[PDB]
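Undergrad: here is the sequence, then the experimental structure:
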Amino acid sequence: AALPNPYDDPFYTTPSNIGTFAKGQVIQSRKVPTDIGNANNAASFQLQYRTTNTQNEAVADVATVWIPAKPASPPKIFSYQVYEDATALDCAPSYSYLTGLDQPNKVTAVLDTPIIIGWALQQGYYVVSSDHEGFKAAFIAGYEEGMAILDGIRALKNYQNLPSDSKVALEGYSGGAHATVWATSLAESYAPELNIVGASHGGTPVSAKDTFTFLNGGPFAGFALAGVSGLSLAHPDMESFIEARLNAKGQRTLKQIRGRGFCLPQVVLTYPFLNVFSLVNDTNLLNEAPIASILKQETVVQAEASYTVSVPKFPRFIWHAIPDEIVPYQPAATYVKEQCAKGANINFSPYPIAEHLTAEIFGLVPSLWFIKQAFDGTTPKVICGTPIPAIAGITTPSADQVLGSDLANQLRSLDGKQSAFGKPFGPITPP
C-alpha cells in the first residue's frame, strides 16, 4: 500500500514517554493518501495520539482524519467506527483506508464505508475514524474501543484547532456498532467535554458473552474465536488463564488468528462450525475466574453488568434485523428497553424481515438522516424505544433526498454485491 505494513512501521508503536502526553494529545501526524480523500477532494492525515488501555495504562494509537474542502460551520465532527473484526495489527482501519490494493482488510473500507464518510464530507463535516482496537488489535474489548475513539475525536479537535464545544456525532454498524455503543457509554466519565449531539448504530453486539454463545459452533464461529482472542489481548489475567488451558490445536489456532495478514475475510473463511471449546481442556471456562467476571464488565446490558452502566441522554437511532443471524437481536432490544426506562432518547428500528447484511442497508439512509437532524437540533420527539422499522421514503426522506443522486446511486450498486461477511447486500427498502 501507500505505506509499509503497520507491523513494519514505528508510527504504530508506543513511545516510552507516553505518560507525559494528555488524553487525545497528538504525538505525531502525517499526510496520507486515501481512496475516500481523493474521491471527495478532502485532505487526509493519520494522527498518532495518546489514549488509555483497559488496564488504565497510557498507550498510543492511530486515527485517520479527513478535512472537508468546504467545512460546515460552526465545525461539526463525525466519528465513523469500522467493523474491523480481526485480531491482527495490519487489519487496522487506518491501513485499510490508504490508497493501495494489497491491505488484507481493505474490504472493510470500501462498500458502505465510503458512502457514509463521503456523505459526511459532502455535508461539510470533519471526519475521524480511529483504530478502535488499538495496537494489540483487541477486538471487542469495549473499554479499549470506547477510550480510543473518544480520544481520536479529541485528537482531531487538537490537530485542527476546533472549538471545544464543536458538535460531535458517531456512527457504526456490526463490530463498528459495538465500538460506537462503548464510546457513547464512556463519554460521560472519560470524555465529558465532547459535545455529542447524536449517535447512530445498528447490528449492535451489546453483550460479549451473549454474542459468543450465539456464534459458537455456527457458520460465523470465527467471530467467537476472534472475540476470545481480542478480549484476552485487553485482559492479561484472562490471557494467562486461557494460555494455561489451550491444547496443541488451541495453541496453533490462537497464534493463527493473531498472525499478520489474518483479517476479517480469513476469520470468516477459516473457522465455520468451529466449537471454541474444542481448543481447550476445560468446557466450564465461561464460569470460572477471571473470565466470568470479565464477561460482567464487557457488557452494556445492565441485567448482566457488574457495574452501573451509563445512560447517554442525547438523541440516538439504533437499528437491528429481528432475524439477525450473526449478532443476536434480543440482547440489543434488552439494552434499548433498559436505557429507555432510565430516561434515554432512543429512536429504535427493529426490522421484522431482514438479516444482518440486508439491515446494514435498510437502516443506512435513516441513520444518516438522523445524524443530519442531530447536528441541526431537529431530531423528532419520539416515545423512547418504540419498535418502528425506519424506511427511507416513508419515515425519512427518500435516498436521493438524503444522500443526493450520486451517493444514492452508489448505495443502489451494493444490492446483490458480496459484503465483507460473504453474504450479499440487498436494497435500500425492504421488498
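TA: Good, I have the coordinates. Residues are numbered from 1 along each chain as shown.
Undergrad: now the strands for this protein?
TA: Counting by DSSP state E, the chain has these strands, from start to end: 26-31, 43-52, 58-67, 76-81, 126-130, 167-173, 195-202, 315-321, 345-351.
Undergrad: to residue 143, which of those strands lies closest?
TA: Evaluated over those, closeness to residue 143 peaks at strand 43-52, with 8.5 Å, by C-beta to C-beta. Placement of C-beta: from N, CA and C, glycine included.
Undergrad: thinking again about what came up before, which one of the strands of the chain lies nearest to residue 358?
TA: Comparing the strands of the chain by C-beta to C-beta, strand 315-321 comes nearest, at 6.8 Å.
Undergrad: which segments of this structure make up each domain?
TA: Structural domains assigned to the chain are 1-205+302-431, 206-301, following curated CATH domains.
Undergrad: as CSV, the ones you listed with mean neighbour count would be great.
TA: Output for those, formatted as CSV (neighbours: other C-beta atoms under 10 Å):
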stretch, mean neighbour count
domain 1-205+302-431, 21
domain 206-301, 19
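Undergrad: longest single helix anywhere in this structure?
TA: The residue-count maximum for a helix in the chain (DSSP state H) belongs to helix 142-159.
Undergrad: render the CA-only coordinates of it in PDB, please.
TA: Provided in PDB are the C-alpha atoms of helix 142-159 (Å, rounded to 0.1, in the frame of the first residue of the first chain):
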ATOM      1  CA  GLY A 142     -15.200  -2.300  25.000                       C
ATOM      2  CA  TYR A 143     -13.200  -0.100  27.300                       C
ATOM      3  CA  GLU A 144     -10.300  -0.300  24.900                       C
ATOM      4  CA  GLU A 145     -12.500   0.700  22.000                       C
ATOM      5  CA  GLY A 146     -14.500   3.400  23.800                       C
ATOM      6  CA  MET A 147     -11.500   5.300  25.100                       C
ATOM      7  CA  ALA A 148      -9.500   5.000  21.800                       C
ATOM      8  CA  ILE A 149     -12.500   6.500  19.900                       C
ATOM      9  CA  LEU A 150     -13.200   9.400  22.300                       C
ATOM     10  CA  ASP A 151      -9.500  10.200  22.300                       C
ATOM     11  CA  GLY A 152      -9.400  10.100  18.500                       C
ATOM     12  CA  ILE A 153     -12.200  12.800  18.500                       C
ATOM     13  CA  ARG A 154     -10.100  14.800  21.000                       C
ATOM     14  CA  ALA A 155      -7.100  14.400  18.700                       C
ATOM     15  CA  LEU A 156      -8.900  15.700  15.600                       C
ATOM     16  CA  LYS A 157     -10.100  18.800  17.700                       C
ATOM     17  CA  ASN A 158      -6.400  19.400  18.800                       C
ATOM     18  CA  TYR A 159      -5.000  18.700  15.400                       C
END
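Undergrad: chain center to that helix: distance?
TA: A distance of 12 Å separates the centroid of the chain from that of helix 142-159, by C-alpha atoms, centre = their mean, to the nearest Å.
Undergrad: that helix vs strand 43-52, what angle?
TA: With axes from the mean of the first three to the mean of the last three C-alpha atoms, to 10 degrees defining the directions, helix 142-159 sits at 130 degrees from strand 43-52.
Undergrad: hmm, back to that, a markdown table for the strands of the chain, including distance to residue 412?
TA: As requested, the strands of the chain are exported to a markdown table (distance: least, C-beta to C-beta, whole Å):
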| stretch | distance to residue 412 |
| --- | --- |
| strand 26-31 | 33 |
| strand 43-52 | 26 |
| strand 58-67 | 24 |
| strand 76-81 | 21 |
| strand 126-130 | 23 |
| strand 167-173 | 18 |
| strand 195-202 | 19 |
| strand 315-321 | 19 |
| strand 345-351 | 19 |
